[PDB]
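*Asks:* Take a look at entry.pdb, PDB, C-alpha atoms and all ligand atoms:
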MODEL        1
ATOM      1  CA  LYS P   2     107.588 107.216  22.789
ATOM      2  CA  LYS P   3     111.408 107.343  22.527
ATOM      3  CA  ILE P   4     113.710 105.961  25.263
ATOM      4  CA  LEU P   5     117.409 106.843  25.582
ATOM      5  CA  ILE P   6     119.268 103.915  27.242
ATOM      6  CA  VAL P   7     122.622 104.900  28.814
ATOM      7  CA  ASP P   8     124.894 101.993  29.827
ATOM      8  CA  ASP P   9     128.573 101.274  29.038
ATOM      9  CA  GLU P  10     127.949  97.499  29.217
ATOM     10  CA  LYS P  11     126.637  96.342  25.798
ATOM     11  CA  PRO P  12     125.064  93.067  27.117
ATOM     12  CA  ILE P  13     122.967  95.099  29.648
ATOM     13  CA  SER P  14     122.100  97.803  27.080
ATOM     14  CA  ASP P  15     120.994  95.011  24.682
ATOM     15  CA  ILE P  16     118.691  93.427  27.304
ATOM     16  CA  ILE P  17     117.029  96.783  28.118
ATOM     17  CA  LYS P  18     116.754  97.696  24.403
ATOM     18  CA  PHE P  19     115.088  94.306  23.669
ATOM     19  CA  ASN P  20     112.563  94.850  26.508
ATOM     20  CA  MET P  21     111.769  98.460  25.489
ATOM     21  CA  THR P  22     111.449  97.435  21.810
ATOM     22  CA  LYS P  23     108.892  94.772  22.954
ATOM     23  CA  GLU P  24     106.829  97.605  24.533
ATOM     24  CA  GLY P  25     106.718  99.426  21.155
ATOM     25  CA  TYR P  26     109.133 102.197  22.191
ATOM     26  CA  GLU P  27     111.739 103.676  19.826
ATOM     27  CA  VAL P  28     115.177 103.057  21.401
ATOM     28  CA  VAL P  29     118.378 105.157  21.165
ATOM     29  CA  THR P  30     121.533 104.051  23.032
ATOM     30  CA  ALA P  31     124.616 105.805  24.523
ATOM     31  CA  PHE P  32     127.653 103.937  25.951
ATOM     32  CA  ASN P  33     129.227 106.769  28.024
ATOM     33  CA  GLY P  34     128.227 110.075  29.690
ATOM     34  CA  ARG P  35     129.464 112.177  26.753
ATOM     35  CA  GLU P  36     127.411 110.088  24.278
ATOM     36  CA  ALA P  37     124.459 110.367  26.722
ATOM     37  CA  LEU P  38     124.426 114.187  26.576
ATOM     38  CA  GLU P  39     124.940 114.170  22.782
ATOM     39  CA  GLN P  40     122.044 111.708  22.195
ATOM     40  CA  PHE P  41     119.831 113.630  24.651
ATOM     41  CA  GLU P  42     120.371 116.854  22.656
ATOM     42  CA  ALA P  43     120.008 115.285  19.178
ATOM     43  CA  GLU P  44     117.143 112.860  19.970
ATOM     44  CA  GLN P  45     115.047 114.701  22.634
ATOM     45  CA  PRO P  46     113.956 111.373  24.198
ATOM     46  CA  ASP P  47     110.712 111.116  26.237
ATOM     47  CA  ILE P  48     112.543 109.222  29.014
ATOM     48  CA  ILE P  49     116.160 108.356  29.904
ATOM     49  CA  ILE P  50     117.249 105.089  31.579
ATOM     50  CA  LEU P  51     120.579 106.071  33.108
ATOM     51  CA  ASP P  52     123.508 103.938  34.351
ATOM     52  CA  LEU P  53     125.894 105.717  36.799
ATOM     53  CA  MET P  54     129.345 104.074  36.453
ATOM     54  CA  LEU P  55     130.108 105.354  32.919
ATOM     55  CA  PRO P  56     133.334 106.415  31.112
ATOM     56  CA  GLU P  57     134.006 110.137  30.303
ATOM     57  CA  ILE P  58     131.128 111.628  32.382
ATOM     58  CA  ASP P  59     129.439 109.709  35.236
ATOM     59  CA  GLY P  60     125.644 109.309  35.387
ATOM     60  CA  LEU P  61     125.228 111.669  38.349
ATOM     61  CA  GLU P  62     126.956 114.421  36.327
ATOM     62  CA  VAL P  63     124.836 113.553  33.247
ATOM     63  CA  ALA P  64     121.628 113.916  35.301
ATOM     64  CA  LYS P  65     122.767 117.213  36.903
ATOM     65  CA  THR P  66     123.708 118.622  33.465
ATOM     66  CA  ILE P  67     120.407 117.523  31.830
ATOM     67  CA  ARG P  68     118.422 119.061  34.749
ATOM     68  CA  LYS P  69     120.005 122.480  34.020
ATOM     69  CA  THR P  70     117.798 122.647  30.890
ATOM     70  CA  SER P  71     115.206 119.817  30.904
ATOM     71  CA  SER P  72     112.541 118.131  33.087
ATOM     72  CA  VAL P  73     112.726 114.949  30.927
ATOM     73  CA  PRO P  74     111.979 111.921  33.189
ATOM     74  CA  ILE P  75     115.145 110.109  34.316
ATOM     75  CA  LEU P  76     115.168 106.575  35.724
ATOM     76  CA  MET P  77     118.565 105.671  37.165
ATOM     77  CA  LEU P  78     119.493 101.971  36.779
ATOM     78  CA  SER P  79     122.723 101.046  38.581
ATOM     79  CA  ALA P  80     124.528  98.411  40.654
ATOM     80  CA  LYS P  81     125.167 101.301  43.107
ATOM     81  CA  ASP P  82     122.423 100.411  45.649
ATOM     82  CA  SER P  83     123.385 102.247  48.883
ATOM     83  CA  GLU P  84     121.102 104.674  50.744
ATOM     84  CA  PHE P  85     123.524 107.494  49.845
ATOM     85  CA  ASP P  86     123.492 106.448  46.148
ATOM     86  CA  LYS P  87     119.677 106.436  45.834
ATOM     87  CA  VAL P  88     119.231 109.658  47.847
ATOM     88  CA  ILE P  89     121.887 111.587  45.873
ATOM     89  CA  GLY P  90     120.499 110.356  42.520
ATOM     90  CA  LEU P  91     116.966 111.464  43.468
ATOM     91  CA  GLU P  92     118.166 114.762  45.003
ATOM     92  CA  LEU P  93     120.080 115.575  41.768
ATOM     93  CA  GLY P  94     116.896 115.179  39.685
ATOM     94  CA  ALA P  95     116.248 111.460  39.047
ATOM     95  CA  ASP P  96     112.511 110.572  39.100
ATOM     96  CA  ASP P  97     113.222 106.917  39.976
ATOM     97  CA  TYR P  98     116.177 104.703  40.886
ATOM     98  CA  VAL P  99     116.229 100.945  40.191
ATOM     99  CA  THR P 100     119.147  98.700  41.256
ATOM    100  CA  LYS P 101     120.984  95.998  39.239
ATOM    101  CA  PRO P 102     120.224  93.128  38.893
ATOM    102  CA  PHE P 103     116.679  94.159  37.922
ATOM    103  CA  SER P 104     113.392  92.638  36.754
ATOM    104  CA  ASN P 105     112.614  93.386  33.073
ATOM    105  CA  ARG P 106     108.906  93.463  33.935
ATOM    106  CA  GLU P 107     109.375  95.918  36.828
ATOM    107  CA  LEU P 108     111.558  98.136  34.580
ATOM    108  CA  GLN P 109     108.749  98.215  31.957
ATOM    109  CA  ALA P 110     106.181  99.053  34.675
ATOM    110  CA  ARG P 111     108.356 101.882  36.096
ATOM    111  CA  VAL P 112     108.941 103.360  32.619
ATOM    112  CA  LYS P 113     105.164 103.238  32.087
ATOM    113  CA  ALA P 114     104.553 104.845  35.505
ATOM    114  CA  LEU P 115     107.064 107.648  34.747
ATOM    115  CA  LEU P 116     105.568 108.368  31.300
ATOM    116  CA  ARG P 117     102.121 108.386  33.000
ATOM    117  CA  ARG P 118     102.939 111.268  35.389
ATOM    118  CA  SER P 119     105.274 113.267  33.083
TER     119      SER P 119
HETATM  120  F1  LIG P 201     127.471 101.001  36.019
HETATM  121 BE1  LIG P 201     125.982 101.295  36.397
HETATM  122  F2  LIG P 201     126.088 102.379  37.487
HETATM  123  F3  LIG P 201     125.454 100.020  37.071
HETATM  124 MN    MN P 202     128.219 101.106  34.014
ENDMDL
END
Represent the structure from my file as structure tokens, please.
Ligand code: BEF
Ligand SMILES: [Mn+2]
*Replies:*
Amino acid sequence: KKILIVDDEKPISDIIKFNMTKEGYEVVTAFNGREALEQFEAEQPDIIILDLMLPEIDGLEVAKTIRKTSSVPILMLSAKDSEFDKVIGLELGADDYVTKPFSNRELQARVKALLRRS
């Protein structure tokens, strides 16, 4: 399975990539919202892990745009942890929303759960 990891912070992207590589997934990365949409179109990932505070296009906009044409599972991963943040992310099309800092093991389990019901 292929996972697109969207995060502008390289250290965070690297940690998620390492953990997804350990699960046997193929990993593709994007460091801003524009790169996220370009990688989504070129790579057709099975699941997207999506940061929200991104340069060029924010994660909420990326999710809304992707949802116009695809039902690909989206797991938002952000430091934005308010009730409004989680509700808006889910209402715009996210299948899950995990807050930073996060557990690598829980992330793996949620990606598995999402792939299970998608
Ligand atoms: F910058 Be991500 F929204 F944590
Ligand atoms: Mn960010």
*Asks:* Please identify all protein, DNA and RNA residues within 9 Å of ligand MN 202 (chain P), counting only C-alpha atoms and all ligand atoms, and report them as a PDB file with C-alpha atoms, in the coordinates of the input.
*Replies:*
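Result file is result_6.pdb:
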ATOM      1  CA  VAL P   7     122.622 104.900  28.814  1.00  0.00           C
ATOM      2  CA  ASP P   8     124.894 101.993  29.827  1.00  0.00           C
ATOM      3  CA  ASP P   9     128.573 101.274  29.038  1.00  0.00           C
ATOM      4  CA  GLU P  10     127.949  97.499  29.217  1.00  0.00           C
ATOM      5  CA  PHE P  32     127.653 103.937  25.951  1.00  0.00           C
ATOM      6  CA  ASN P  33     129.227 106.769  28.024  1.00  0.00           C
ATOM      7  CA  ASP P  52     123.508 103.938  34.351  1.00  0.00           C
ATOM      8  CA  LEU P  53     125.894 105.717  36.799  1.00  0.00           C
ATOM      9  CA  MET P  54     129.345 104.074  36.453  1.00  0.00           C
ATOM     10  CA  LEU P  55     130.108 105.354  32.919  1.00  0.00           C
ATOM     11  CA  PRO P  56     133.334 106.415  31.112  1.00  0.00           C
ATOM     12  CA  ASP P  59     129.439 109.709  35.236  1.00  0.00           C
ATOM     13  CA  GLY P  60     125.644 109.309  35.387  1.00  0.00           C
ATOM     14  CA  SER P  79     122.723 101.046  38.581  1.00  0.00           C
ATOM     15  CA  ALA P  80     124.528  98.411  40.654  1.00  0.00           C
TER      16      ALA P  80
END
*Asks:* Please evaluate the PyMOL selection byres (((chain P and resi 16) around 12) and not hetatm) against the structure above and give the resulting residues as an MDAnalysis selection string.
*Replies:* chainID P and resid 6 8 10:15 17:23 28 30 102:106 108:109
*Asks:* What's the 12 Å shell around residue 39 (chain P), counting all atoms listed in the file, without same-chain residues fewer than 3 positions away, as a ChimeraX atom specification?
*Replies:* /P:5,7,29-36,42-46,58,63,66-67
*Asks:* Box in all listed atoms of ligand LIG 201 (chain P), axis-aligned, with 3 Å more on each side; write out centre and edge lengths in Å to one decimal as JSON.
*Replies:*
{"center_x": 126.5, "center_y": 101.2, "center_z": 36.8, "size_x": 8.0, "size_y": 8.4, "size_z": 7.5}
*Asks:* Enumerate, as JSON, numbers by chain, the residues matched when the PyMOL selection byres (((chain P and resi 73-77) around 10) and not hetatm) is run on the file above.
*Replies:* {"P": [5, 6, 7, 41, 45, 46, 47, 48, 49, 50, 51, 52, 53, 60, 61, 64, 67, 68, 70, 71, 72, 78, 79, 81, 87, 90, 91, 94, 95, 96, 97, 98, 99, 100, 108, 111, 112, 115, 116, 118, 119]}
*Asks:* Could those residues be written to a file, using C-alpha atoms, as an mmCIF file, keeping the file's coordinate frame?
*Replies:*
data_model
loop_
_atom_site.group_PDB
_atom_site.id
_atom_site.type_symbol
_atom_site.label_atom_id
_atom_site.label_comp_id
_atom_site.auth_asym_id
_atom_site.auth_seq_id
_atom_site.Cartn_x
_atom_site.Cartn_y
_atom_site.Cartn_z
ATOM 1 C CA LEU P 5 117.409 106.843 25.582
ATOM 2 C CA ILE P 6 119.268 103.915 27.242
ATOM 3 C CA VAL P 7 122.622 104.900 28.814
ATOM 4 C CA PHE P 41 119.831 113.630 24.651
ATOM 5 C CA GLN P 45 115.047 114.701 22.634
ATOM 6 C CA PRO P 46 113.956 111.373 24.198
ATOM 7 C CA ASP P 47 110.712 111.116 26.237
ATOM 8 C CA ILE P 48 112.543 109.222 29.014
ATOM 9 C CA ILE P 49 116.160 108.356 29.904
ATOM 10 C CA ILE P 50 117.249 105.089 31.579
ATOM 11 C CA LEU P 51 120.579 106.071 33.108
ATOM 12 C CA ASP P 52 123.508 103.938 34.351
ATOM 13 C CA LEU P 53 125.894 105.717 36.799
ATOM 14 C CA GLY P 60 125.644 109.309 35.387
ATOM 15 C CA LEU P 61 125.228 111.669 38.349
ATOM 16 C CA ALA P 64 121.628 113.916 35.301
ATOM 17 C CA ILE P 67 120.407 117.523 31.830
ATOM 18 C CA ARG P 68 118.422 119.061 34.749
ATOM 19 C CA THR P 70 117.798 122.647 30.890
ATOM 20 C CA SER P 71 115.206 119.817 30.904
ATOM 21 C CA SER P 72 112.541 118.131 33.087
ATOM 22 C CA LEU P 78 119.493 101.971 36.779
ATOM 23 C CA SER P 79 122.723 101.046 38.581
ATOM 24 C CA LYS P 81 125.167 101.301 43.107
ATOM 25 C CA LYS P 87 119.677 106.436 45.834
ATOM 26 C CA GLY P 90 120.499 110.356 42.520
ATOM 27 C CA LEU P 91 116.966 111.464 43.468
ATOM 28 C CA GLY P 94 116.896 115.179 39.685
ATOM 29 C CA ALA P 95 116.248 111.460 39.047
ATOM 30 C CA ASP P 96 112.511 110.572 39.100
ATOM 31 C CA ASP P 97 113.222 106.917 39.976
ATOM 32 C CA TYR P 98 116.177 104.703 40.886
ATOM 33 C CA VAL P 99 116.229 100.945 40.191
ATOM 34 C CA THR P 100 119.147 98.700 41.256
ATOM 35 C CA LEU P 108 111.558 98.136 34.580
ATOM 36 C CA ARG P 111 108.356 101.882 36.096
ATOM 37 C CA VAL P 112 108.941 103.360 32.619
ATOM 38 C CA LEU P 115 107.064 107.648 34.747
ATOM 39 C CA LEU P 116 105.568 108.368 31.300
ATOM 40 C CA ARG P 118 102.939 111.268 35.389
ATOM 41 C CA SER P 119 105.274 113.267 33.083
#
*Asks:* Choose the residue, out of P:57, P:3, P:62, P:101, that has the smallest atom-to-atom separation from ligand LIG 201 (chain P); count only C-alpha atoms and all ligand atoms.
*Replies:*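 Among the listed residues, P:101 lies closest to ligand LIG 201 (chain P).
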*Asks:* Could you check the closest approach to ligand LIG 201 (chain P) for each of P:24, P:86, P:37, P:4 and tell me which residue wins, using only C-alpha atoms and all ligand atoms?
*Replies:*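 Looking only at the distances to ligand LIG 201 (chain P), the closest residue turns out to be P:86.
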*Asks:* Out of P:65, P:82, P:107, P:117, which residue has the shortest atom-to-atom distance to ligand LIG 201 (chain P) when counting all atoms listed in the file?
*Replies:* P:82
*Asks:* Just give me the gap between CA of residue 110 (chain P) and CA of residue 27 (chain P) in Å, one decimal is fine.
*Replies:*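 Separating CA of residue 110 (chain P) from CA of residue 27 (chain P) is a distance of 16.5 Å.
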*Asks:* Quick one: of P:38, P:83, P:2, P:25, who's nearest to ligand LIG 201 (chain P), counting all atoms listed in the file?
*Replies:*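 Checking each of P:38, P:83, P:2, P:25 against ligand LIG 201 (chain P), counting all atoms listed in the file, the winner is P:83.
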